[PDB]
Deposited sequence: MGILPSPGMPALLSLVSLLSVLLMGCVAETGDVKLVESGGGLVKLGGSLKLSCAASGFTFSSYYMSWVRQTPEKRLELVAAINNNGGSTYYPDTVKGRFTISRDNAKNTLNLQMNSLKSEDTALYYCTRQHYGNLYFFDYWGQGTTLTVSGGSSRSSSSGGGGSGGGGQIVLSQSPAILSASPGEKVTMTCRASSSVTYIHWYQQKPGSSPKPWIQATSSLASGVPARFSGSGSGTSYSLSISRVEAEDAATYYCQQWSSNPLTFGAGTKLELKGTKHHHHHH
């Protein structure tokens, strides 16, 4: 009831090799009309699709990094989304967001929950056990430190052709939020100073005059072939 809301439950600490079930409570929309996904954020702040399920719940997709270990399920009568995670690895340590797309919104992640943390437990950091047999997104720069009132541009290069890119903005303490839909269509409330452009393997996000409010990590995302992938993010800074 009310406006769109996604609440993730479960998560905590599991030994390597262990099992854990995560749940998502959807309210404020016709749940059965949306495609649901589990998308995690590594400690390196990389965004990765973990699992996706269609509207009726008959078709699922799992990237090769989780295929055979994780299982996505939905109960349209209870408005719930579940993920059974087996044989947990150190790579699985991430904040797990529950998020939605609609075929009719060009599969744009317009609502994301706050996330549920999983800590599976030598050191690491970087990459993300992904990058193989998929369209990879290369964002540049990693850190954009600009002065107020300046025109800035960040790029998103794709390993091979993508027919569109979606942009998301994330500020510390909150989940990613829709920013630019289908390459150039700004999300609701996004200031006119923002623009998005591109085709093929080269896309970009530009800001005509940068302000304190724009300081955030901007991620590009593609879905031209399975799996759906995101870039690493461009951290906008105004020190």
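According to the record, the deposited residues with no C-alpha atom in the structure span 1 to 29, 151 to 156, 275 to 283.
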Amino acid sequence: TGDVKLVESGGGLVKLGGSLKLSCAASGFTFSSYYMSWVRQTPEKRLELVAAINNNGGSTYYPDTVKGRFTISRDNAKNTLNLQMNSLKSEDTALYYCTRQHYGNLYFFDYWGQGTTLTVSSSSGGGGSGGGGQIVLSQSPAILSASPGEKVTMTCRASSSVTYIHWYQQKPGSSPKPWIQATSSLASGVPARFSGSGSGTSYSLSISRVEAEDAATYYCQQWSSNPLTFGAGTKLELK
From here on, numbers count along this sequence of modelled residues.
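Comparing the deposited coordinates for 140 to 148 and 103 to 111, the stretch with the larger average C-alpha B-factor is 140 to 148. Stretches 194 to 202 and 210 to 218 differ in mean CA B factor, with 210 to 218 having the higher one.
Within the group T163, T155, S160, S122, the record's highest C-alpha temperature factor is found at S122. Ranked by C-alpha B-factor against the other modelled residues of its chain, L95 falls in the middle third. When the modelled residues of the chain are ordered by their C-alpha B factor, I135 lands in the lowest third.
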